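Here is the structure we will look at, set down as structure tokens.
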Amino acid sequence: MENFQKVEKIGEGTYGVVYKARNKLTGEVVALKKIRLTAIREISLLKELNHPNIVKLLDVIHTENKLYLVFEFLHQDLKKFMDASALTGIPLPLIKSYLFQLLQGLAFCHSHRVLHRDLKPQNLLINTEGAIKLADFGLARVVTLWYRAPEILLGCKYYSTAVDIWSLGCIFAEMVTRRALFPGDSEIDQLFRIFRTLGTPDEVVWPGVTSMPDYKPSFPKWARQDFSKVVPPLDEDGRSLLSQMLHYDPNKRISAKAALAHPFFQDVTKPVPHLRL
Ligand SMILES: CN(C)C[C@@H](O)COc1ccc(Nc2cc(Nc3cc(C(F)(F)F)ccc3F)ncn2)cc1
């Protein structure tokens, strides 16, 4: 860490604090993440993901019994970009391009058995060239619960790549309506908001749901609401794809690889956003 000079705090993370730092050995600008306290192992396995839509893990430093992660640095996150766009909204061509790219990102790591586990606007990074990238990637093992898949809230321990498709679905709708899809303040509140919109799940639409660890038969039975009310601006191509991203049953939920060929991406392009840094 004598080789790194701190410039400013970027944020505070579930397992370490993150700073914008300059590498004195290279004059390079980076995101430096210091971990709190089989790990160096899986982490040193993460430096192998190379893809245009994932933030590169540049180096792993293990000194004075502490662990630093050195990442490629980007200037802006999706959440700040959405806030700056709230009055007029993100243009559909740009929403679509960002969706297409995160799906390529997700399909790549998923084919290597890497899951993200905690996608949110705050860890999706953009540049002046019109690219978006996944950050804090494979690194799991007030929190925001808004993008948590229903299987996780019900206590499933052995969940699948489908959890990331669900989180991305929620972000896709948020970009389109300029409002959070399921803004829960607790796990039960989170769970009941998804139930009110998509209907309380049963054995019919989700075989096995009633025997998930945290499922209770005393749950209120709300009916499913019409989809055209959930994301009104969205055309039917987009709405059909959103619904496949939001299937209750993780096995029925569309894969990133299949989502890429969906008709919604017929007219896809690569616009450049206007960014204030
Ligand atoms: C606008 N400023 C005033 C306020 C904030 O939005 C400050 O926003 C910024 C400013 C710059 C960046 N750039 C990054 C961030 C990053 N990792 C990362 C770490 C965390 C965590 F949890 F570790 F902190 C959360 C999300 C992450 F993407 N890797 C490369 N570049 C990100 C957000």
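Chain labels A, B, ... are given in the sequence in which chains occur in the structure tokens; within each chain residues are numbered consecutively from 1, and ligands are likewise numbered from 1 in the order shown.
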
Quiz item: Residues within 8 Å of ligand 1 (only C-alpha atoms and all ligand atoms), as JSON, numbers by chain?
Solution: {"A": [9, 10, 11, 12, 13, 14, 16, 17, 18, 19, 20, 30, 31, 32, 33, 55, 71, 72, 73, 74, 75, 76, 77, 79, 80, 122, 123, 124, 125, 134, 135, 136]}

Would you mind exporting N, CA, C and O atoms of the selected residues as a compact mmCIF listing (two decimals), in the first residue's frame?
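The new file out23.txt reads:
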# COMPACT_ATOMS: atom_id res chain seq x y z
N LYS A 9 -12.78 8.83 -0.96
CA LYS A 9 -13.65 7.67 -0.75
C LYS A 9 -14.74 7.60 -1.82
O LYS A 9 -15.42 8.58 -2.09
N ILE A 10 -14.89 6.42 -2.41
CA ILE A 10 -15.94 6.18 -3.40
C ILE A 10 -17.19 5.67 -2.67
O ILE A 10 -18.33 6.06 -2.97
N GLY A 11 -16.96 4.79 -1.70
CA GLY A 11 -18.06 4.21 -0.94
C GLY A 11 -17.64 3.20 0.12
O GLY A 11 -16.44 3.00 0.40
N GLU A 12 -18.65 2.58 0.71
CA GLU A 12 -18.46 1.59 1.75
C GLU A 12 -19.24 0.36 1.35
O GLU A 12 -20.44 0.44 1.01
N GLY A 13 -18.55 -0.77 1.35
CA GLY A 13 -19.09 -2.01 0.81
C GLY A 13 -19.29 -3.13 1.82
O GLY A 13 -18.74 -3.11 2.95
N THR A 14 -20.07 -4.12 1.41
CA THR A 14 -20.51 -5.18 2.30
C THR A 14 -19.34 -5.94 2.96
O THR A 14 -19.51 -6.56 4.02
N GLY A 16 -15.73 -4.47 2.52
CA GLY A 16 -14.57 -3.59 2.53
C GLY A 16 -14.90 -2.17 2.11
O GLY A 16 -15.91 -1.94 1.46
N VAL A 17 -14.04 -1.21 2.45
CA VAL A 17 -14.24 0.18 2.00
C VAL A 17 -13.52 0.41 0.66
O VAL A 17 -12.47 -0.21 0.44
N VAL A 18 -14.08 1.25 -0.22
CA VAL A 18 -13.52 1.53 -1.56
C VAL A 18 -13.11 2.99 -1.83
O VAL A 18 -13.90 3.93 -1.64
N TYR A 19 -11.88 3.15 -2.30
CA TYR A 19 -11.27 4.46 -2.59
C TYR A 19 -10.77 4.59 -4.03
O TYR A 19 -10.31 3.62 -4.64
N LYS A 20 -10.85 5.81 -4.54
CA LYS A 20 -10.16 6.20 -5.75
C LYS A 20 -8.71 6.44 -5.32
O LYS A 20 -8.46 7.20 -4.39
N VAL A 30 -7.13 4.04 -10.23
CA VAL A 30 -7.80 2.77 -9.93
C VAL A 30 -8.85 2.90 -8.81
O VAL A 30 -8.85 3.87 -8.05
N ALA A 31 -9.75 1.91 -8.72
CA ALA A 31 -10.57 1.72 -7.52
C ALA A 31 -9.97 0.67 -6.55
O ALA A 31 -9.88 -0.54 -6.85
N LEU A 32 -9.54 1.15 -5.40
CA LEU A 32 -8.89 0.32 -4.39
C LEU A 32 -9.90 -0.08 -3.30
O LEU A 32 -10.54 0.78 -2.67
N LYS A 33 -10.05 -1.38 -3.11
CA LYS A 33 -10.97 -1.92 -2.13
C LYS A 33 -10.20 -2.68 -1.03
O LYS A 33 -9.54 -3.68 -1.31
N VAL A 55 -16.09 -4.98 -15.05
CA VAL A 55 -14.95 -4.22 -14.51
C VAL A 55 -13.79 -5.16 -14.12
O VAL A 55 -13.94 -6.04 -13.23
N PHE A 71 -9.14 -2.60 -8.77
CA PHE A 71 -10.05 -2.61 -9.92
C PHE A 71 -9.83 -1.50 -10.97
O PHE A 71 -9.41 -0.38 -10.68
N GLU A 72 -10.19 -1.81 -12.21
CA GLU A 72 -10.28 -0.80 -13.23
C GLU A 72 -11.25 0.30 -12.73
O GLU A 72 -12.29 0.00 -12.15
N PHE A 73 -10.89 1.57 -12.89
CA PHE A 73 -11.76 2.66 -12.40
C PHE A 73 -12.66 3.29 -13.48
O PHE A 73 -12.18 3.66 -14.55
N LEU A 74 -13.95 3.43 -13.18
CA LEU A 74 -14.85 4.25 -13.98
C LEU A 74 -15.43 5.41 -13.16
O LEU A 74 -15.62 5.33 -11.93
N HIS A 75 -15.76 6.48 -13.89
CA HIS A 75 -16.17 7.78 -13.31
C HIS A 75 -17.58 7.90 -12.80
O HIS A 75 -17.82 8.69 -11.88
N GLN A 76 -18.52 7.14 -13.37
CA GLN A 76 -19.94 7.26 -12.97
C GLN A 76 -20.71 5.93 -12.86
O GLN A 76 -20.44 4.99 -13.59
N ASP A 77 -21.67 5.91 -11.94
CA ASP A 77 -22.56 4.77 -11.71
C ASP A 77 -23.99 5.03 -12.24
O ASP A 77 -24.43 6.18 -12.34
N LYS A 79 -26.88 4.66 -10.93
CA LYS A 79 -27.79 5.33 -10.00
C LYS A 79 -27.69 6.86 -10.11
O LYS A 79 -28.70 7.56 -10.32
N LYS A 80 -26.48 7.40 -10.01
CA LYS A 80 -26.30 8.84 -10.25
C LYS A 80 -26.78 9.28 -11.67
O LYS A 80 -27.41 10.31 -11.83
N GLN A 122 -26.22 0.98 -8.23
CA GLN A 122 -25.03 1.55 -7.58
C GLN A 122 -23.73 0.83 -7.96
O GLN A 122 -22.63 1.39 -7.86
N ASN A 123 -23.85 -0.41 -8.42
CA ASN A 123 -22.68 -1.16 -8.85
C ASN A 123 -22.65 -1.49 -10.36
O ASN A 123 -21.98 -2.42 -10.80
N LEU A 124 -23.38 -0.70 -11.13
CA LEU A 124 -23.32 -0.73 -12.59
C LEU A 124 -22.63 0.56 -13.10
O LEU A 124 -23.10 1.68 -12.86
N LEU A 125 -21.52 0.38 -13.80
CA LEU A 125 -20.66 1.50 -14.14
C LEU A 125 -20.69 1.82 -15.62
O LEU A 125 -20.63 0.91 -16.44
N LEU A 134 -20.43 -4.47 -15.14
CA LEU A 134 -20.71 -5.01 -13.82
C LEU A 134 -19.49 -4.90 -12.89
O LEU A 134 -18.37 -5.24 -13.28
N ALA A 135 -19.73 -4.40 -11.68
CA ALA A 135 -18.71 -4.23 -10.63
C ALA A 135 -19.18 -4.94 -9.34
O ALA A 135 -20.35 -5.31 -9.24
N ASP A 136 -18.27 -5.08 -8.36
CA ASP A 136 -18.47 -5.94 -7.13
C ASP A 136 -18.83 -7.39 -7.47
O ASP A 136 -19.40 -8.11 -6.64

I'd like the contact shell of residue 104 in chain A - 8 Å cut-off, only C-alpha atoms, skipping same-chain residues fewer than 5 positions apart - returned as a PDB file with C-alpha atoms, in the first residue's frame.
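Ended up saving to around00.pdb:
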ATOM      1  CA  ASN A  53     -18.996  -5.579 -19.862  1.00  0.00           C
ATOM      2  CA  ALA A 256     -29.112 -14.318 -20.109  1.00  0.00           C
ATOM      3  CA  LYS A 257     -28.133 -16.276 -23.238  1.00  0.00           C
ATOM      4  CA  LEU A 260     -30.121 -11.904 -25.954  1.00  0.00           C
TER       5      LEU A 260
END

Using only C-alpha atoms, what does the table of range 131-216 of chain A residues within 7 Å of range 111-116 of chain A look like, with each row giving the shortest atom pair and its distance in Å to one decimal, sorted by chain and ascending number, as a Markdown table?
| residue | atom | partner | partner_atom | distance |
| --- | --- | --- | --- | --- |
| A:137 | CA | A:116 | CA | 4.8 |
| A:138 | CA | A:116 | CA | 4.8 |
| A:161 | CA | A:115 | CA | 5.7 |
| A:164 | CA | A:116 | CA | 6.5 |

Exercise. Mind checking which residues fall within 12 Å of residue 232 in chain A, counting only C-alpha atoms, ignoring those fewer than 3 positions away in the same chain, and posting them as a list in words?
Key: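 Counting only C-alpha atoms, the residues come to residues 173, 174, 176, 177, 178, 226, 227, 228, 229, 235, 236, 238 and 239 of chain A.
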
Preceding selection exported with N, CA and C atoms as a tab-separated table (two decimals), in the first residue's frame:
chain	number	residue	atom	x	y	z
A	173	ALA	N	-36.94	-2.22	-15.34
A	173	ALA	CA	-38.21	-1.50	-15.13
A	173	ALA	C	-37.99	-0.12	-14.51
A	174	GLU	N	-37.04	-0.04	-13.58
A	174	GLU	CA	-36.69	1.21	-12.92
A	174	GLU	C	-36.21	2.29	-13.92
A	176	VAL	N	-37.08	2.42	-17.05
A	176	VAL	CA	-38.23	2.77	-17.91
A	176	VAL	C	-39.28	3.70	-17.22
A	177	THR	N	-39.65	3.41	-15.98
A	177	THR	CA	-40.63	4.22	-15.23
A	177	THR	C	-40.07	5.35	-14.30
A	178	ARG	N	-38.77	5.33	-13.99
A	178	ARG	CA	-38.13	6.34	-13.14
A	178	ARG	C	-38.58	6.22	-11.68
A	226	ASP	N	-52.43	-6.71	-13.74
A	226	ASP	CA	-52.14	-6.52	-15.15
A	226	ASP	C	-50.75	-5.93	-15.34
A	227	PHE	N	-49.99	-6.46	-16.30
A	227	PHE	CA	-48.64	-5.98	-16.53
A	227	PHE	C	-48.55	-4.59	-17.13
A	228	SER	N	-49.57	-4.19	-17.88
A	228	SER	CA	-49.50	-2.93	-18.67
A	228	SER	C	-49.56	-1.68	-17.79
A	229	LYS	N	-49.95	-1.93	-16.55
A	229	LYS	CA	-49.96	-0.99	-15.45
A	229	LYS	C	-48.63	-0.90	-14.70
A	235	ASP	N	-43.36	-0.94	-24.54
A	235	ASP	CA	-44.05	-1.66	-25.60
A	235	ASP	C	-44.12	-3.16	-25.27
A	236	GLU	N	-44.87	-3.93	-26.08
A	236	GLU	CA	-45.13	-5.34	-25.79
A	236	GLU	C	-43.90	-6.27	-25.91
A	238	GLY	N	-40.83	-5.39	-25.05
A	238	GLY	CA	-40.20	-5.13	-23.77
A	238	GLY	C	-40.96	-5.76	-22.61
A	239	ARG	N	-42.28	-5.63	-22.60
A	239	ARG	CA	-43.07	-6.21	-21.53
A	239	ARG	C	-42.98	-7.73	-21.53

Practice problem: Write out as a PyMOL selection string which residues come within 12 Å of residue 183 in chain A when counting only C-alpha atoms, dropping same-chain ones fewer than 5 positions away. | Solution: chain A and resi 144-148+170-171+174+188-194+197

Practice problem: Check the smallest atom-to-atom distance from each of A:156, A:150, A:195, A:231 to residue 248 in chain A using only C-alpha atoms, then report the winner. | Solution: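 Smallest separation from residue 248 in chain A among the options: A:150.
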
Exercise. Report the distance between CA of residue 50 in chain A and CA of residue 69 in chain A in Å, rounded to one decimal place.
Key: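 Spanning CA of residue 50 in chain A to CA of residue 69 in chain A is a straight-line distance of 16.2 Å.
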
Exercise. Within 9 Å of range 203-209 of chain A, counting only C-alpha atoms, which residues show up once you throw out same-chain ones fewer than 5 positions away? Write them as a PyMOL selection string, please.
Key: chain A and resi 151+154+215+247-250+252

Quiz item: Between CA of residue 271 in chain A and CA of residue 54 in chain A, what is the spacing in Å?
Solution: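 So the two atoms, CA of residue 54 in chain A and CA of residue 271 in chain A, lie 18.8 Å apart.
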
Self-check item: Which residue of A:70, A:242, A:109, A:268 approaches residue 92 in chain A most closely, using only C-alpha atoms
Solution: A:268

Quiz item: Which neighbours of residue 254 in chain A fall inside 9 Å, counting only C-alpha atoms, when residues of the same chain fewer than 4 positions from it are skipped, and could you give them as a PyMOL selection string?
Solution: chain A and resi 162+165+241+244-247+250+258-259

Selection above as a file: N, CA and C atoms, as a PDB file, in the first residue's frame:
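Printed below is result28.pdb as written:
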ATOM      1  N   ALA A 162     -30.118 -17.606 -11.917  1.00  0.00           N
ATOM      2  CA  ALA A 162     -31.419 -16.925 -12.096  1.00  0.00           C
ATOM      3  C   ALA A 162     -31.625 -15.703 -11.199  1.00  0.00           C
ATOM      4  N   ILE A 165     -30.604 -12.490 -13.225  1.00  0.00           N
ATOM      5  CA  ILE A 165     -31.698 -12.150 -14.158  1.00  0.00           C
ATOM      6  C   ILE A 165     -32.828 -11.390 -13.451  1.00  0.00           C
ATOM      7  N   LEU A 241     -40.468  -9.558 -22.520  1.00  0.00           N
ATOM      8  CA  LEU A 241     -39.143  -9.886 -22.017  1.00  0.00           C
ATOM      9  C   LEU A 241     -39.033  -9.622 -20.510  1.00  0.00           C
ATOM     10  N   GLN A 244     -40.592 -12.576 -18.487  1.00  0.00           N
ATOM     11  CA  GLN A 244     -39.751 -13.768 -18.483  1.00  0.00           C
ATOM     12  C   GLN A 244     -38.546 -13.629 -17.535  1.00  0.00           C
ATOM     13  N   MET A 245     -38.175 -12.388 -17.264  1.00  0.00           N
ATOM     14  CA  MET A 245     -37.112 -12.075 -16.324  1.00  0.00           C
ATOM     15  C   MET A 245     -37.658 -12.111 -14.889  1.00  0.00           C
ATOM     16  N   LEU A 246     -38.985 -12.001 -14.755  1.00  0.00           N
ATOM     17  CA  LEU A 246     -39.632 -11.939 -13.448  1.00  0.00           C
ATOM     18  C   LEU A 246     -40.529 -13.142 -13.129  1.00  0.00           C
ATOM     19  N   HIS A 247     -40.278 -14.286 -13.777  1.00  0.00           N
ATOM     20  CA  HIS A 247     -40.950 -15.555 -13.392  1.00  0.00           C
ATOM     21  C   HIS A 247     -40.539 -15.951 -11.990  1.00  0.00           C
ATOM     22  N   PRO A 250     -37.437 -20.152 -10.536  1.00  0.00           N
ATOM     23  CA  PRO A 250     -36.083 -19.871 -11.032  1.00  0.00           C
ATOM     24  C   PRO A 250     -35.763 -20.686 -12.276  1.00  0.00           C
ATOM     25  N   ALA A 258     -30.523 -16.771 -23.583  1.00  0.00           N
ATOM     26  CA  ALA A 258     -31.795 -16.724 -24.320  1.00  0.00           C
ATOM     27  C   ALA A 258     -32.374 -15.298 -24.459  1.00  0.00           C
ATOM     28  N   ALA A 259     -32.232 -14.486 -23.415  1.00  0.00           N
ATOM     29  CA  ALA A 259     -32.739 -13.094 -23.438  1.00  0.00           C
ATOM     30  C   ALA A 259     -32.107 -12.274 -24.559  1.00  0.00           C
TER      31      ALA A 259
END

Quiz item: Which residue out of A:120, A:44, A:233, A:86 has the minimum interatomic distance to residue 58 in chain A when only C-alpha atoms are used?
Solution: A:44

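In terms of minimum interatomic distance to residue 127 in chain A, A:78 ranks closest within A:218, A:46, A:78, A:28, counting only C-alpha atoms.
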